[PDB]
$ cat run-v4.csv   # CSV, C-alpha atoms
chain,number,residue,atom,x,y,z
A,7,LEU,CA,21.9,16.3,28.6
A,8,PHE,CA,23.2,14.5,25.6
A,9,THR,CA,26.9,15.4,25.4
A,10,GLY,CA,29.4,12.7,24.3
A,11,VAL,CA,28.6,9.0,24.1
A,12,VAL,CA,25.4,7.4,25.5
A,13,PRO,CA,25.0,3.6,25.8
A,14,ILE,CA,21.9,2.1,24.1
A,15,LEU,CA,19.7,-0.9,24.8
A,16,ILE,CA,16.9,-2.1,22.6
A,17,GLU,CA,14.2,-4.8,23.3
A,18,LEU,CA,11.5,-5.7,20.9
A,19,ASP,CA,8.7,-8.3,21.2
A,20,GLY,CA,6.7,-9.2,18.2
A,21,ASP,CA,4.1,-11.5,16.6
A,22,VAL,CA,3.6,-11.4,12.9
A,23,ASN,CA,0.8,-13.6,11.6
A,24,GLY,CA,1.4,-15.9,14.6
A,25,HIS,CA,5.2,-16.1,14.4
A,26,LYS,CA,6.5,-15.1,17.9
A,27,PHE,CA,10.1,-13.8,18.2
A,28,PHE,CA,12.5,-11.6,20.3
A,29,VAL,CA,15.2,-9.3,19.2
A,30,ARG,CA,17.9,-7.7,21.3
A,31,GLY,CA,20.2,-4.8,20.5
A,32,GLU,CA,23.2,-3.0,22.0
A,33,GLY,CA,25.4,-0.1,20.9
A,34,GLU,CA,26.1,3.6,21.4
A,35,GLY,CA,24.9,7.0,20.2
A,36,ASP,CA,26.5,10.3,19.5
A,37,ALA,CA,23.7,12.9,19.5
A,38,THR,CA,26.3,15.7,19.0
A,39,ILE,CA,27.2,14.0,15.7
A,40,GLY,CA,23.8,12.4,15.1
A,41,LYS,CA,25.5,9.0,15.0
A,42,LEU,CA,24.3,5.6,16.0
A,43,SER,CA,26.1,2.3,15.9
A,44,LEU,CA,24.1,-0.7,17.0
A,45,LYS,CA,24.2,-4.4,16.8
A,46,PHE,CA,21.0,-6.4,16.8
A,47,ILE,CA,20.5,-10.2,17.3
A,48,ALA,CA,17.5,-12.4,17.1
A,49,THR,CA,17.5,-14.4,20.3
A,50,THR,CA,14.9,-16.9,19.1
A,51,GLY,CA,16.6,-18.0,15.9
A,52,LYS,CA,15.5,-17.0,12.4
A,53,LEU,CA,13.5,-13.8,11.9
A,54,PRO,CA,10.1,-14.6,10.2
A,55,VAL,CA,10.3,-11.1,8.8
A,56,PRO,CA,13.0,-9.0,6.9
A,57,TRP,CA,15.4,-7.0,9.1
A,58,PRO,CA,14.9,-3.7,7.2
A,59,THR,CA,11.2,-3.6,8.2
A,60,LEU,CA,12.1,-3.5,11.9
A,61,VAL,CA,14.7,-0.7,11.4
A,62,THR,CA,12.2,2.1,12.0
A,63,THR,CA,10.7,0.3,15.0
A,64,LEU,CA,14.0,-0.6,16.5
A,68,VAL,CA,16.2,6.6,19.6
A,69,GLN,CA,15.6,9.7,17.5
A,70,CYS,CA,16.8,11.3,20.5
A,71,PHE,CA,20.2,10.9,19.0
A,72,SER,CA,19.5,13.0,16.0
A,73,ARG,CA,21.9,15.9,15.5
A,74,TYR,CA,19.9,19.1,15.8
A,75,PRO,CA,21.8,22.3,14.7
A,76,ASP,CA,22.7,25.0,17.3
A,77,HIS,CA,19.9,27.2,15.9
A,78,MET,CA,17.4,24.4,16.1
A,79,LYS,CA,18.1,23.2,19.6
A,80,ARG,CA,14.8,24.4,21.1
A,81,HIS,CA,13.2,22.0,18.6
A,82,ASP,CA,14.5,18.8,20.2
A,83,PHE,CA,11.2,17.7,21.6
A,84,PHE,CA,12.9,14.2,21.9
A,85,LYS,CA,15.8,15.2,24.1
A,86,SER,CA,13.7,17.7,26.1
A,87,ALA,CA,11.6,14.8,27.4
A,88,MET,CA,14.6,12.9,28.8
A,89,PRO,CA,15.5,11.3,31.1
A,90,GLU,CA,11.8,10.7,31.8
A,91,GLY,CA,10.5,8.6,28.8
A,92,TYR,CA,8.3,9.6,25.8
A,93,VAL,CA,5.8,6.8,25.1
A,94,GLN,CA,6.0,6.3,21.2
A,95,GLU,CA,3.5,4.6,18.9
A,96,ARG,CA,3.2,3.6,15.2
A,97,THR,CA,1.0,2.0,12.7
A,98,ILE,CA,2.9,0.8,9.7
A,99,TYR,CA,1.0,-0.2,6.6
A,100,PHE,CA,2.9,-2.2,4.0
A,101,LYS,CA,1.1,-1.3,0.8
A,102,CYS,CA,-0.2,-4.6,-0.6
A,103,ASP,CA,1.0,-6.2,2.7
A,104,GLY,CA,0.3,-6.5,6.4
A,105,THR,CA,0.3,-3.8,9.0
A,106,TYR,CA,2.4,-3.2,12.1
A,107,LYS,CA,1.2,-1.8,15.4
A,108,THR,CA,3.9,-0.8,17.7
A,109,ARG,CA,4.2,0.7,21.2
A,110,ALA,CA,7.6,1.7,22.6
A,111,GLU,CA,9.1,3.4,25.6
A,112,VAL,CA,12.3,5.3,25.1
A,113,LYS,CA,14.0,6.2,28.4
A,114,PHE,CA,17.0,6.4,30.8
A,115,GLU,CA,17.8,3.7,33.4
A,116,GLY,CA,20.7,5.9,34.4
A,117,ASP,CA,23.5,6.3,31.8
A,118,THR,CA,22.0,3.3,30.1
A,119,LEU,CA,18.8,4.0,28.2
A,120,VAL,CA,17.3,0.9,26.6
A,121,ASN,CA,14.4,0.9,24.2
A,122,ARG,CA,11.5,-1.4,24.9
A,123,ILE,CA,9.0,-2.2,22.1
A,124,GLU,CA,5.9,-4.2,21.5
A,125,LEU,CA,4.9,-5.3,18.0
A,126,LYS,CA,1.9,-7.0,16.5
A,127,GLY,CA,1.8,-7.8,12.8
A,128,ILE,CA,-1.5,-8.8,11.2
A,129,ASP,CA,-2.9,-9.6,7.8
A,130,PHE,CA,0.6,-10.2,6.3
A,131,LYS,CA,0.3,-12.4,3.3
A,132,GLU,CA,2.0,-15.7,2.8
A,133,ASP,CA,4.1,-15.1,-0.3
A,134,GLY,CA,3.9,-11.4,0.6
A,135,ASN,CA,7.0,-9.2,0.3
A,136,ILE,CA,7.5,-9.5,4.1
A,137,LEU,CA,6.9,-13.1,5.1
A,138,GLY,CA,8.5,-14.3,1.8
A,139,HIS,CA,11.7,-12.5,2.5
A,141,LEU,CA,13.5,-7.5,0.4
A,142,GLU,CA,17.1,-6.6,-0.1
A,143,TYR,CA,19.4,-6.3,2.9
A,144,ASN,CA,19.7,-2.5,2.8
A,145,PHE,CA,18.1,0.8,3.6
A,146,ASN,CA,17.7,4.1,1.7
A,147,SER,CA,17.6,7.7,3.0
A,148,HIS,CA,14.2,9.2,3.9
A,149,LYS,CA,12.7,12.3,5.4
A,150,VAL,CA,10.8,12.3,8.7
A,151,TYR,CA,8.1,15.0,8.7
A,152,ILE,CA,7.2,15.7,12.3
A,153,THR,CA,5.3,18.7,13.6
A,154,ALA,CA,3.5,19.4,16.9
A,155,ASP,CA,0.6,17.6,18.6
A,156,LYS,CA,-0.4,20.2,21.2
A,157,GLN,CA,-3.4,18.4,22.6
A,158,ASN,CA,-1.3,15.5,23.8
A,159,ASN,CA,1.7,17.8,24.5
A,160,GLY,CA,3.7,15.7,22.1
A,161,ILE,CA,4.4,14.8,18.5
A,162,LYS,CA,3.1,13.1,15.3
A,163,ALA,CA,5.2,11.9,12.4
A,164,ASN,CA,4.5,10.8,8.8
A,165,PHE,CA,6.7,9.3,6.2
A,166,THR,CA,6.9,6.5,3.5
A,167,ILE,CA,9.8,4.1,3.7
A,168,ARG,CA,11.1,2.7,0.5
A,169,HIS,CA,12.2,-1.0,0.7
A,170,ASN,CA,14.1,-2.3,-2.3
A,171,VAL,CA,12.7,-5.6,-3.6
A,172,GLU,CA,15.0,-8.3,-5.1
A,173,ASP,CA,13.0,-8.2,-8.4
A,174,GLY,CA,13.6,-4.5,-8.8
A,175,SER,CA,10.2,-3.4,-7.5
A,176,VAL,CA,9.6,-1.4,-4.3
A,177,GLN,CA,7.7,-2.3,-1.2
A,178,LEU,CA,6.2,0.8,0.4
A,179,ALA,CA,5.7,1.2,4.1
A,180,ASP,CA,3.5,4.1,5.2
A,181,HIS,CA,4.5,5.2,8.7
A,182,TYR,CA,2.2,7.0,11.0
A,183,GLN,CA,3.8,7.9,14.3
A,184,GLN,CA,2.8,9.6,17.6
A,185,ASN,CA,4.9,10.5,20.6
A,186,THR,CA,3.8,11.6,24.1
A,187,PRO,CA,6.0,12.4,27.1
A,188,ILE,CA,5.8,10.2,30.2
A,189,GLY,CA,6.9,12.8,32.8
A,190,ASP,CA,5.9,16.5,33.2
A,192,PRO,CA,8.0,20.3,30.2
A,193,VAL,CA,8.8,19.6,26.5
A,194,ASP,CA,9.7,21.8,23.6
A,195,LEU,CA,6.8,21.7,21.0
A,196,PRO,CA,8.8,22.0,17.6
A,197,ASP,CA,7.8,24.0,14.5
A,198,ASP,CA,7.4,21.9,11.4
A,199,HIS,CA,10.8,20.5,10.2
A,200,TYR,CA,12.4,17.2,9.1
A,201,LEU,CA,15.0,14.5,9.8
A,202,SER,CA,17.0,13.1,6.9
A,203,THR,CA,18.7,9.9,8.3
A,204,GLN,CA,21.1,7.7,6.1
A,205,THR,CA,21.8,4.1,7.3
A,206,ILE,CA,24.1,1.2,6.6
A,207,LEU,CA,23.2,-2.4,7.3
A,208,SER,CA,25.8,-5.2,7.7
A,209,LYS,CA,26.6,-8.5,9.3
A,210,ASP,CA,29.1,-9.7,11.9
A,211,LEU,CA,31.0,-12.5,10.2
A,212,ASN,CA,31.7,-14.5,13.3
A,213,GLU,CA,28.1,-14.5,14.3
A,214,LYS,CA,26.1,-17.5,13.1
A,215,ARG,CA,22.9,-16.3,14.7
A,216,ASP,CA,20.4,-14.1,12.9
A,217,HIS,CA,21.6,-10.6,13.4
A,218,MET,CA,22.0,-7.0,12.2
A,219,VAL,CA,24.9,-4.5,12.3
A,220,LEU,CA,23.6,-1.0,11.8
A,221,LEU,CA,25.3,2.3,11.3
A,222,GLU,CA,23.1,5.4,11.2
A,223,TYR,CA,23.5,9.2,10.6
A,224,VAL,CA,20.7,11.5,11.4
A,225,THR,CA,20.4,15.3,11.0
A,226,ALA,CA,17.6,17.9,11.3
B,15,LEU,CA,-29.6,-2.1,-24.3
B,16,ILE,CA,-27.6,-2.9,-21.2
B,17,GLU,CA,-28.6,-3.8,-17.6
B,18,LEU,CA,-26.2,-5.1,-14.9
B,19,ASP,CA,-26.8,-6.5,-11.4
B,20,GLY,CA,-23.8,-7.0,-9.2
B,21,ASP,CA,-23.0,-7.8,-5.6
B,22,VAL,CA,-20.2,-6.3,-3.6
B,23,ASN,CA,-19.5,-6.9,0.2
B,24,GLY,CA,-23.2,-7.3,0.7
B,25,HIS,CA,-24.0,-4.1,-1.2
B,26,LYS,CA,-26.0,-5.6,-4.1
B,33,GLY,CA,-27.4,2.7,-25.6
B,34,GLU,CA,-26.4,2.1,-29.2
B,35,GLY,CA,-23.0,2.2,-30.7
B,36,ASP,CA,-21.6,1.7,-34.2
B,37,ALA,CA,-19.2,-1.3,-34.3
B,38,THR,CA,-18.1,-0.9,-38.0
B,39,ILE,CA,-16.3,2.4,-37.1
B,40,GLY,CA,-15.9,1.2,-33.5
B,41,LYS,CA,-17.9,4.0,-31.8
B,42,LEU,CA,-20.2,3.6,-28.8
B,43,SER,CA,-22.7,5.8,-27.0
B,44,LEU,CA,-24.4,4.5,-23.9
B,45,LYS,CA,-26.4,5.9,-21.0
B,46,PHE,CA,-26.4,4.3,-17.5
B,47,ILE,CA,-28.6,4.9,-14.5
B,48,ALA,CA,-28.6,3.6,-10.9
B,54,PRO,CA,-21.4,1.7,-3.4
B,55,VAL,CA,-18.7,1.3,-6.0
B,56,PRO,CA,-16.8,3.6,-8.4
B,57,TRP,CA,-18.2,3.8,-11.9
B,58,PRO,CA,-14.8,3.3,-13.7
B,59,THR,CA,-14.3,-0.1,-12.1
B,60,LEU,CA,-17.4,-1.3,-14.0
B,61,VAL,CA,-16.4,0.0,-17.4
B,62,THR,CA,-14.8,-3.2,-18.4
B,63,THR,CA,-17.6,-5.3,-16.9
B,64,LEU,CA,-20.6,-3.7,-18.7
B,86,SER,CA,-19.2,-14.3,-35.6
B,87,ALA,CA,-21.4,-16.2,-33.1
B,88,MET,CA,-24.1,-13.5,-33.1
B,89,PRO,CA,-27.1,-13.4,-33.1
B,90,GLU,CA,-27.0,-16.6,-31.0
B,91,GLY,CA,-24.4,-14.8,-28.8
B,92,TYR,CA,-21.7,-15.3,-26.3
B,93,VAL,CA,-20.8,-15.9,-22.6
B,94,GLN,CA,-18.3,-13.5,-21.0
B,95,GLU,CA,-16.5,-14.4,-17.8
B,96,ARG,CA,-13.9,-12.5,-15.9
B,97,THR,CA,-11.9,-12.4,-12.7
B,98,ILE,CA,-10.7,-8.9,-11.9
B,99,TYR,CA,-8.1,-8.6,-9.2
B,100,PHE,CA,-7.7,-5.1,-7.9
B,101,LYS,CA,-4.1,-5.0,-7.0
B,102,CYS,CA,-4.3,-5.6,-3.3
B,103,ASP,CA,-7.9,-4.5,-3.0
B,104,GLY,CA,-10.1,-7.4,-4.0
B,105,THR,CA,-11.6,-9.4,-6.8
B,106,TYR,CA,-14.6,-9.2,-9.1
B,107,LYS,CA,-16.1,-12.4,-10.6
B,108,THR,CA,-18.3,-11.8,-13.5
B,109,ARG,CA,-20.6,-13.8,-15.8
B,110,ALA,CA,-22.3,-12.1,-18.8
B,111,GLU,CA,-24.3,-13.0,-21.8
B,112,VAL,CA,-23.9,-11.0,-25.0
B,113,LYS,CA,-26.6,-11.7,-27.6
B,114,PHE,CA,-29.3,-10.3,-29.8
B,115,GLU,CA,-32.9,-10.0,-28.6
B,116,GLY,CA,-34.9,-8.8,-31.6
B,117,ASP,CA,-33.2,-5.8,-33.1
B,118,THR,CA,-31.6,-4.9,-29.8
B,119,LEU,CA,-28.2,-6.2,-28.7
B,120,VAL,CA,-28.5,-7.1,-25.0
B,121,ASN,CA,-25.8,-7.6,-22.3
B,122,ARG,CA,-26.9,-9.2,-19.0
B,123,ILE,CA,-24.2,-9.5,-16.4
B,124,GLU,CA,-23.5,-11.0,-13.0
B,125,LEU,CA,-20.7,-9.6,-10.8
B,126,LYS,CA,-19.7,-10.6,-7.3
B,127,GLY,CA,-17.1,-8.6,-5.5
B,128,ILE,CA,-15.4,-10.0,-2.4
B,129,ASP,CA,-12.7,-9.1,0.0
B,130,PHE,CA,-12.8,-5.4,-0.8
B,131,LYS,CA,-11.3,-3.2,1.9
B,132,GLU,CA,-13.1,-0.5,3.8
B,133,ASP,CA,-11.4,2.9,3.2
B,134,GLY,CA,-9.8,1.3,0.1
B,135,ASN,CA,-9.5,2.8,-3.4
B,136,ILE,CA,-12.8,1.2,-4.5
B,137,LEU,CA,-15.2,1.3,-1.6
B,138,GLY,CA,-13.7,4.6,-0.4
B,139,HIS,CA,-14.3,6.2,-3.8
B,140,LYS,CA,-10.8,7.6,-4.3
B,141,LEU,CA,-10.7,7.0,-8.0
B,142,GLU,CA,-11.0,10.0,-10.3
B,143,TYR,CA,-13.8,9.6,-13.0
B,144,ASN,CA,-11.9,8.8,-16.2
B,145,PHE,CA,-10.4,6.0,-18.2
B,146,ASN,CA,-7.1,5.5,-19.9
B,147,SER,CA,-6.4,3.8,-23.2
B,148,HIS,CA,-5.5,0.2,-23.0
B,149,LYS,CA,-4.7,-2.9,-25.1
B,150,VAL,CA,-6.7,-6.1,-24.9
B,151,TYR,CA,-4.5,-9.1,-25.8
B,152,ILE,CA,-6.6,-11.7,-27.4
B,153,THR,CA,-5.7,-15.4,-28.0
B,154,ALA,CA,-7.7,-18.4,-29.1
B,155,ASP,CA,-9.0,-21.0,-26.7
B,156,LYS,CA,-9.4,-24.1,-29.0
B,157,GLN,CA,-10.6,-26.5,-26.4
B,158,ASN,CA,-13.7,-24.4,-25.5
B,159,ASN,CA,-14.1,-23.1,-29.1
B,160,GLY,CA,-13.8,-19.5,-27.8
B,161,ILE,CA,-11.3,-16.9,-26.6
B,162,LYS,CA,-9.2,-15.8,-23.6
B,163,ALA,CA,-7.9,-12.3,-22.9
B,164,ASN,CA,-5.4,-10.7,-20.5
B,165,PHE,CA,-4.8,-7.1,-19.7
B,166,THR,CA,-4.1,-4.7,-16.9
B,167,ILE,CA,-6.3,-1.6,-16.4
B,168,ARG,CA,-4.8,1.5,-14.8
B,169,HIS,CA,-7.2,3.5,-12.7
B,170,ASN,CA,-6.0,7.0,-11.8
B,171,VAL,CA,-6.3,7.7,-8.1
B,172,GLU,CA,-7.1,11.2,-6.7
B,173,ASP,CA,-3.7,11.3,-4.8
B,174,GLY,CA,-1.7,10.7,-7.9
B,175,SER,CA,-1.2,6.9,-7.3
B,176,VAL,CA,-2.5,4.1,-9.6
B,177,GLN,CA,-5.0,1.4,-8.8
B,178,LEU,CA,-4.3,-1.7,-10.9
B,180,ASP,CA,-5.7,-7.3,-13.4
B,181,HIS,CA,-8.2,-8.6,-15.9
B,182,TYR,CA,-8.6,-12.3,-16.8
B,183,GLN,CA,-11.3,-12.9,-19.4
B,184,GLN,CA,-13.0,-16.0,-21.1
B,185,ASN,CA,-15.4,-16.0,-24.0
B,186,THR,CA,-17.5,-19.1,-25.0
B,187,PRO,CA,-20.1,-19.3,-27.7
B,188,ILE,CA,-23.6,-20.1,-26.5
B,189,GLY,CA,-24.7,-22.3,-29.4
B,190,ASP,CA,-23.0,-23.1,-32.7
B,196,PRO,CA,-8.6,-15.6,-34.4
B,197,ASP,CA,-4.8,-15.5,-34.5
B,198,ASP,CA,-3.1,-13.6,-31.7
B,199,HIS,CA,-3.6,-9.8,-32.0
B,200,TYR,CA,-4.9,-7.0,-29.7
B,201,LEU,CA,-7.5,-4.2,-29.4
B,202,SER,CA,-6.7,-0.5,-28.9
B,203,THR,CA,-9.3,1.2,-26.8
B,204,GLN,CA,-10.1,4.9,-26.0
B,205,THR,CA,-12.9,6.0,-23.8
B,206,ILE,CA,-14.5,9.3,-22.5
B,207,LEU,CA,-16.6,9.4,-19.4
B,208,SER,CA,-19.1,12.2,-18.8
B,209,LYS,CA,-22.3,13.2,-17.0
B,210,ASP,CA,-25.7,14.3,-18.2
B,211,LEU,CA,-26.4,17.7,-16.6
B,212,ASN,CA,-30.1,17.3,-16.3
B,213,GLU,CA,-29.8,14.0,-14.4
B,214,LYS,CA,-29.7,14.3,-10.6
B,215,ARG,CA,-29.4,10.5,-10.3
B,216,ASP,CA,-26.0,8.6,-10.2
B,217,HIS,CA,-24.9,8.0,-13.7
B,218,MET,CA,-22.1,7.8,-16.3
B,219,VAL,CA,-22.2,8.8,-20.0
B,220,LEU,CA,-19.8,6.9,-22.2
B,221,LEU,CA,-18.2,7.4,-25.6
B,222,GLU,CA,-15.8,4.7,-26.7
B,223,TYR,CA,-13.5,4.0,-29.6
B,224,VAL,CA,-12.0,0.6,-30.3
B,225,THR,CA,-9.9,-0.8,-33.1
B,226,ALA,CA,-8.0,-4.0,-33.9
$ encode --input "run-v4.csv" --output "C-alpha cells"
Amino acid sequence: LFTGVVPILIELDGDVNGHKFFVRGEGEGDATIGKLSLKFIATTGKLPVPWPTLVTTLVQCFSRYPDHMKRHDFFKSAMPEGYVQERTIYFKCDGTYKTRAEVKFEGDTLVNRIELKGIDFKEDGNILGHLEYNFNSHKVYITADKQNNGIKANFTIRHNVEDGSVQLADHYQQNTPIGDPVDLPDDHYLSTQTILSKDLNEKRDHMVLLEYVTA
Amino acid sequence: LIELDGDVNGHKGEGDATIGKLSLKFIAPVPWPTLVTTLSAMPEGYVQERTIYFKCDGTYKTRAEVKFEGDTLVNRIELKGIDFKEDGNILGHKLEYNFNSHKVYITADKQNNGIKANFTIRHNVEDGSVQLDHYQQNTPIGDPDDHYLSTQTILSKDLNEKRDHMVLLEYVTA
C-alpha cells in the first residue's frame, strides 16, 4: 500500500467570521518513515487567521506505525477508497472550527479536500488578531468507534502566544470510511513533531512544513 | 439581614466586623460561589456597583445598597447576567463549591467621594481548570490611601435543609 514516496495534494475552503479564503498545498509523504514535507500557499492573499491553527486541519495516513502495530493502521486500511474525516475545534476563549474533509487517492496522487467554517471568533481574539509561527509536539488519543466502523480522536493543541500565554484548541475528531474493510485499532496514540518555515523567494502568504509522526 | 434578586439569561446573618468574622445563612440556575462576591458613611450607607467578567463566559452587572435599617444592617442587590454560555462553567454548574483566599486592592475615587476596587477571583473547576475579573465602585448615599484586604472564606451546607442553600464563614483583614 504505502511503501516509498507518495505525492500529496491539499485543498481547503474556509470562512472565518465572514472572511473567505483558499489555501493550496503540495508535497510528499513517507509513511515508512512517518515523514511529511509540504508547502502551503494562500491563493487569495493574506490569511485572516494564523497558519498554525490550520495545521491540524490541513494525511495521518502517513504516520509511521511499528511492525508490531501494523494491524492498527485504520487510516491506511481504508485506502485508496477515502475516509471521510470531521472535526470541531474549540479555541478556549475564542471561536470554533467545524471541518469536513475527504482523504483519498486519485491514483498515485492523493489530494486532501477540506471545508472549514469558523464562527464566533472575536475581533481582537488570539486568532483574528494574529500566535507565534511555530508548533509544539502533542499526542493524538484515538480509539475505535465501532458503530460507525471508524474512529474518534481527542487532543488539546498548545499554541504559543506572543505575550507568553497559551491559546488552547480542543480538538474533537471523527473518521468514517467511504468504501467497504478497515482495521478497528485498540487504544493508542500518535506523537507528531512539526517544523514551520517560509520560502524566502515567495512573496505570497505561505507555509513550509516538515512533520514527523509515529505511533 | 441579606436578600438578593438577580437576573441571568432570562432566569431571574450577622457577623462581627471588629474581628472580621461573618456568619450568614442563604436560602433559594447559577453556581453559589459566583455570587459570593456579589452578596464611615454608615448608618446612612453606601452604593456598591460591579461588573464581573467571567473570563470568556460572560458578565455580571450589579448594583447594591449597603446601609442600616434599625439595628439590622441590610444589603439589597441587583444583578444582571448576560451572554453566559450554555454548557459553560457557570450555567453548566461545573464549579466545585468552595472559595479561595484573595486580595481586594482598594484605591480612592476622589471625584465621586468614594472608592474603586480591582481583583481577580479564581473559581476552582471540577476538571482541575480555573474559571477567572472584578471591577467595583463604591459611592456614599448621603454625606483611604492605597492598601488591600486579605480574605478567607468557608462554604458549607445545613444538613437539615433540603432546599438549595449555602452556609458561609468569612474572615477579612486589612
$ interface_residues --input "run-v4.csv" --of "chain B" --to "chain A" --cutoff "9 Å" --atoms "all atoms listed in the file" --output "ChimeraX atom specification"
/B:101-103
$ residues_near_point --input "run-v4.csv" --point "(-19.3, -7.6, -9.6)" --cutoff "8 Å" --atoms "all atoms listed in the file" --output "list in words"
residues 19, 20, 21, 22, 60, 63, 106, 107, 108, 124, 125, 126 and 127 of chain B
$ residues_around --input "run-v4.csv" --residues "residue 110 (chain B)" --least-positions-apart "5" --cutoff "12 Å" --atoms "only C-alpha atoms" --output "mmCIF file with C-alpha atoms, in the frame of the given file"
data_model
loop_
_atom_site.group_PDB
_atom_site.id
_atom_site.type_symbol
_atom_site.label_atom_id
_atom_site.label_comp_id
_atom_site.auth_asym_id
_atom_site.auth_seq_id
_atom_site.Cartn_x
_atom_site.Cartn_y
_atom_site.Cartn_z
ATOM 1 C CA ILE B 16 -27.600 -2.900 -21.200
ATOM 2 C CA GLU B 17 -28.600 -3.800 -17.600
ATOM 3 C CA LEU B 18 -26.200 -5.100 -14.900
ATOM 4 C CA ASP B 19 -26.800 -6.500 -11.400
ATOM 5 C CA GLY B 20 -23.800 -7.000 -9.200
ATOM 6 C CA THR B 62 -14.800 -3.200 -18.400
ATOM 7 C CA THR B 63 -17.600 -5.300 -16.900
ATOM 8 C CA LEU B 64 -20.600 -3.700 -18.700
ATOM 9 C CA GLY B 91 -24.400 -14.800 -28.800
ATOM 10 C CA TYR B 92 -21.700 -15.300 -26.300
ATOM 11 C CA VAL B 93 -20.800 -15.900 -22.600
ATOM 12 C CA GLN B 94 -18.300 -13.500 -21.000
ATOM 13 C CA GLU B 95 -16.500 -14.400 -17.800
ATOM 14 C CA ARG B 96 -13.900 -12.500 -15.900
ATOM 15 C CA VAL B 120 -28.500 -7.100 -25.000
ATOM 16 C CA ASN B 121 -25.800 -7.600 -22.300
ATOM 17 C CA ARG B 122 -26.900 -9.200 -19.000
ATOM 18 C CA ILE B 123 -24.200 -9.500 -16.400
ATOM 19 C CA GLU B 124 -23.500 -11.000 -13.000
ATOM 20 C CA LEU B 125 -20.700 -9.600 -10.800
ATOM 21 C CA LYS B 126 -19.700 -10.600 -7.300
ATOM 22 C CA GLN B 183 -11.300 -12.900 -19.400
ATOM 23 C CA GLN B 184 -13.000 -16.000 -21.100
ATOM 24 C CA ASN B 185 -15.400 -16.000 -24.000
ATOM 25 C CA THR B 186 -17.500 -19.100 -25.000
ATOM 26 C CA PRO B 187 -20.100 -19.300 -27.700
ATOM 27 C CA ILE B 188 -23.600 -20.100 -26.500
#
$ atom_distance --input "run-v4.csv" --atom1 "CA of residue 130 (chain A)" --atom2 "CA of residue 175 (chain A)"
18.1 Å
$ atom_distance --input "run-v4.csv" --atom1 "CA of residue 120 (chain A)" --atom2 "CA of residue 137 (chain A)"
27.7 Å
$ decode --input "run-v4.csv" --residues "region 149-203 of chain B" --atoms "C-alpha atoms" --output "tab-separated table (two decimals), in the first residue's frame"
chain	number	residue	atom	x	y	z
B	149	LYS	CA	-6.81	40.27	47.92
B	150	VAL	CA	-9.04	43.24	47.21
B	151	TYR	CA	-6.96	46.16	46.00
B	152	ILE	CA	-8.62	49.38	47.12
B	153	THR	CA	-7.98	52.92	45.89
B	154	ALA	CA	-9.70	56.26	46.45
B	155	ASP	CA	-12.08	57.78	43.93
B	156	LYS	CA	-11.89	61.47	44.83
B	157	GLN	CA	-14.24	62.76	42.11
B	158	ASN	CA	-17.16	60.66	43.40
B	159	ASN	CA	-16.10	60.85	47.07
B	160	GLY	CA	-15.92	57.07	47.25
B	161	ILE	CA	-13.76	54.11	46.27
B	162	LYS	CA	-12.80	51.77	43.41
B	163	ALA	CA	-11.51	48.22	43.66
B	164	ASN	CA	-9.96	45.67	41.31
B	165	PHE	CA	-9.26	41.97	41.79
B	166	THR	CA	-9.47	38.59	40.06
B	167	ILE	CA	-11.37	35.72	41.67
B	168	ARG	CA	-10.20	32.17	40.95
B	169	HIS	CA	-13.01	29.63	40.91
B	170	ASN	CA	-11.89	26.02	41.03
B	171	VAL	CA	-13.42	23.92	38.26
B	172	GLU	CA	-14.30	20.23	38.67
B	173	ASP	CA	-11.89	19.19	35.89
B	174	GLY	CA	-8.93	20.90	37.53
B	175	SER	CA	-9.09	24.04	35.41
B	176	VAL	CA	-9.75	27.56	36.71
B	177	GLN	CA	-12.60	29.94	35.90
B	178	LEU	CA	-11.47	33.56	36.24
B	180	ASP	CA	-12.43	39.73	36.76
B	181	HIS	CA	-13.97	42.09	39.30
B	182	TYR	CA	-14.37	45.83	38.80
B	183	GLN	CA	-16.01	47.60	41.77
B	184	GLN	CA	-17.25	51.14	42.64
B	185	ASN	CA	-18.48	52.47	45.95
B	186	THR	CA	-20.33	55.78	46.41
B	187	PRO	CA	-21.76	57.20	49.65
B	188	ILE	CA	-25.53	57.65	49.61
B	189	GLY	CA	-25.66	60.86	51.64
B	190	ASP	CA	-22.97	62.77	53.48
B	196	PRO	CA	-8.24	55.79	52.31
B	197	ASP	CA	-4.70	55.51	50.97
B	198	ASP	CA	-3.95	52.56	48.72
B	199	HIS	CA	-4.00	49.26	50.62
B	200	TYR	CA	-5.67	45.86	50.30
B	201	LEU	CA	-7.90	43.34	52.06
B	202	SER	CA	-6.97	39.73	52.76
B	203	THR	CA	-9.97	37.40	52.68
